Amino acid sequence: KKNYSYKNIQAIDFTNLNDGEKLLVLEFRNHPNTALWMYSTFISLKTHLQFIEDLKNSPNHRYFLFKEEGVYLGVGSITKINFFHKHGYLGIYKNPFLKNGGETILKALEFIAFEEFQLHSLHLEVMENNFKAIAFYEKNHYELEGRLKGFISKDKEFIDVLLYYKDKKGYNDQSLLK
């Protein structure tokens, strides 16, 4: 339950958020630009505060608020971590008031996952209609590995979740080639 540093980027564990930061995360999370692409649309403050409390005893779920030179970039998570099998799932939503930031969050987040946690593989669940996220991860060398068919209810139809992954060798190859 500690923070991390990558370049001039800080990853603030959710369990170390000051009270302003707790509300900022909630604002980021409930914004239409974020919520539309989440499994649940709206998080009450009560739910949010409880979630953060529960994270204190949930070492397999790590949420970070990313900050860089005074700017809050957005949120990244590494979840359903398993340390024997060395896998985890990645999640990101950027500050909805900023034009970019996702790339920076991803780089720091992958540093944490592959170097600090020494994970072997990272997996992604992304809604099949989330074209901006799909393109984003494909550009970052994430590779398609399947679907969860009809996993999501959207506008009264069931649509798919897409599954992507990156392993440690892939991560290494990116870094060897600067």
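Quick note: we count residues from 1 along the sequence shown, nothing fancier.
Remark: stretch with higher mean C-alpha B factor among 48-56 and 139-147 is 48-56. The question of which stretch, 126-134 or 64-72, has the higher mean Cα B factor is settled in favour of 64-72.
Split the chain's modelled residues into thirds by C-alpha temperature factor. Residue 89 is in the lowest one.
Looking at the C-alpha B-factors along this chain, the one for residue 104 belongs to the lowest third. For residue 162, the recorded CA B-factor ranks within the lowest third of the chain. Only modelled residues enter the ranking.
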